[PDB]
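Asker: Supplied in structure tokens, the structure appears directly below.
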Amino acid sequence: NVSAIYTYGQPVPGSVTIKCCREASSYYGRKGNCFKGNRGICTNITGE
Amino acid sequence: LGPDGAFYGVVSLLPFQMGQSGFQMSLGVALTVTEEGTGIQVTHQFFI
Ligand SMILES: *[C@@H]1O[C@H](CO)[C@@H](O)[C@H](O)[C@H]1NC(C)=O
Ligand SMILES: *[C@@H]1O[C@H](CO)[C@@H](O)[C@H](O)[C@H]1NC(C)=O
């Protein structure tokens with residue numbers, strides 16, 4: 001639930017884009033656990 | 001098939017989650033062979 005305001009209390013027309021993701025497990029790799037998870041599935045939306 | 005009886009079934013593992021914790025250490029494979037005229041089929045299942 002996002003809003004944005006100028007210094008003197010004015011609405012700001014513009015584009016607001018939000019991107020949310022993360023890593024999966026990151027065990028360590030190599031002599032540990034070489035291939036693991038993904039790059040993290042990253043999603044993305046944008047609004048006006 | 002039909003030339004002499006042969007099929008080279010390459011299966012891509014990319015849709016499978018190789019590299020994560022969705023493992024059961026077992027990949028169940030079922031193979032069924034039918035015939036054009038007769039509706040009879042032969043089924044063969046095994047665990048990789
Ligand atoms: C979100 O940003 C990424 C940046 O790499 C882009 O590839 C992706 O297309 C964007 N999302 C949409 C729905 O366009
Ligand atoms: C079966 O034999 C070998 C071992 O898999 C393979 O190289 C060959 O291409 C196969 N032949 C057919 C017809 O699938």
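Every chain in the structure tokens takes a letter, A first, then B, and so on in the order presented; its residues are numbered from 1, and the ligands are numbered from 1 following the presented order.
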Grab me every residue within 9 Å of ligand 1, counting only C-alpha atoms and all ligand atoms, and send it over as a PyMOL selection string.
Answerer: chain A and resi 17-19+42-46
Asker: Could you report the residues within 8 Å of ligand 2, using only C-alpha atoms and all ligand atoms, as number ranges by chain?
Answerer: B: 6-9
Asker: Using only C-alpha atoms, which of A:47, A:5, A:14, A:27 sits nearest chain B?
Answerer: A:27
Asker: Could you state the separation of atom CA of residue 25 of chain B and atom CA of residue 47 of chain B in Å, given to one decimal place?
Answerer: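 Computed distance, atom CA of residue 25 of chain B to atom CA of residue 47 of chain B, equals 9.6 Å.
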Asker: Kindly indicate which residue among A:48, A:41, A:4, A:33 lies nearest to residue 20 of chain A, using only C-alpha atoms for the distances.
Answerer: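 Ranking A:48, A:41, A:4, A:33 by distance to residue 20 of chain A, first place goes to A:41.
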Asker: Counting only C-alpha atoms, which residues from chain A have an atom at most 7 Å from any atom of chain B, and could you show them as a list in words?
Answerer: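 Here is what falls inside 7 Å: residues 35, 36 and 37 of chain A.
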Asker: Quote the spacing between atom CA of residue 23 of chain A and atom CA of residue 15 of chain B in Å to one decimal place.
Answerer: 19.3 Å
Asker: Pick out the closest residue to residue 2 of chain B from this set: B:33, B:48, B:40, B:14. Count only C-alpha atoms.
Answerer: B:33
